[PDB]
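Written below as structure tokens is the structure these notes are about.
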Amino acid sequence: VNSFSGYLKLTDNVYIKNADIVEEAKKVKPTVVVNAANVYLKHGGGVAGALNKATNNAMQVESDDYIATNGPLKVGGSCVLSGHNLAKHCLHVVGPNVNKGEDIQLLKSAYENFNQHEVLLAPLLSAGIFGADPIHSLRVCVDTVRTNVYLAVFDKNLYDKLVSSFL
Ligand SMILES: O=C(O)[C@H]1[C@@H]2CN(c3ncnc4[nH]c5cc(F)ccc5c34)CC[C@@H]21
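The opening residue of the sequence shown carries number 3 in the deposited numbering; numbering runs sequentially from there.
The structure is reproduced here in structure tokens:
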């Protein structure tokens, strides 16, 4: 038993809700919140910009030190950093950005990072400003992640579409 509430159960291990991941994060204090990061950890907009704003830019300050030491992530890759006031940890995961021409097959590799964590609060990778089809992203999530994932979907309309079309 964990503290996530109001989720719809899609599979043995995948759950979905219409929620603002920032507000869900501040209420659950999950062990892991996933950020929809880019390779430079430049948290300017989308989920990343919202999450970073909620940390009063501390996420960005920590991320800039990470990049200065380690260089950029790979598309499909991840790193674990602090969750600041939102979670114990933030798993920054880079899905392919269709608006940059990145290969959508990397979406599976991106979701594989979730399997290193027993429970996660996450957005749909490569959705939103990353330009992928959120229904495809949900399918890849369900077919790739084996750990317990709680998907927060900001847009109510999108959600109702994700649920109603889920096979
Ligand atoms: O590509 C993106 O950046 C994310 C678009 C929407 N994404 C979100 N998904 C769950 N919770 C969310 N809260 C937000 C608050 C915001 F100001 C902005 C976005 C989000 C958001 C994920 C898919 C894609």
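Heads up, the beta-carbon is just placed ideally off N, CA and C, and yes, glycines get one too.
DSSP three-state assignment for residue i, whether helix, strand or coil
| i | result |
| --- | --- |
| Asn150 | strand |
| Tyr113 | helix |
| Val165 | helix |
| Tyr17 | strand |
| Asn37 | strand |
| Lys44 | coil |
| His91 | strand |
Option in the options with minimal Cα separation from residue i
| i | options | result |
| --- | --- | --- |
| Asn15 | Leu169, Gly51, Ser167 and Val144 | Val144 |
| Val121 | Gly47, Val24, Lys11 and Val35 | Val35 |
| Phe156 | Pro125, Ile106 and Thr149 | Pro125 |
| residue 187 | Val49, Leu123, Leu169 and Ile18 | Not covered by the structure: residue 187. The range shown for the chain is 3 to 169. |
| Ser5 | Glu26, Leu43 and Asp22 | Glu26 |
| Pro74 | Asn101, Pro98, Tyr42 and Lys102 | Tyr42 |
Residues sharing a beta bridge with residue i, DSSP
| i | result |
| --- | --- |
| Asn101 | Paired residue(s): none; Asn101 is not in a bridge. |
| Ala124 | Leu153 |
| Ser80 | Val95 |
Kindly confirm or deny that the segment 77-92 and the segment 55-66 touch, where touching means at least three C-beta pairs closer than 8 Å. yes
Any contact between the segment 125-141 and the segment 160-167? By contact I mean 3 or more CB pairs, one from each, below 8 Å. yes
Count Cβ pairs between the segment 126-133 and the segment 44-62 that sit closer than 8 Å; are there 3 or more? yes
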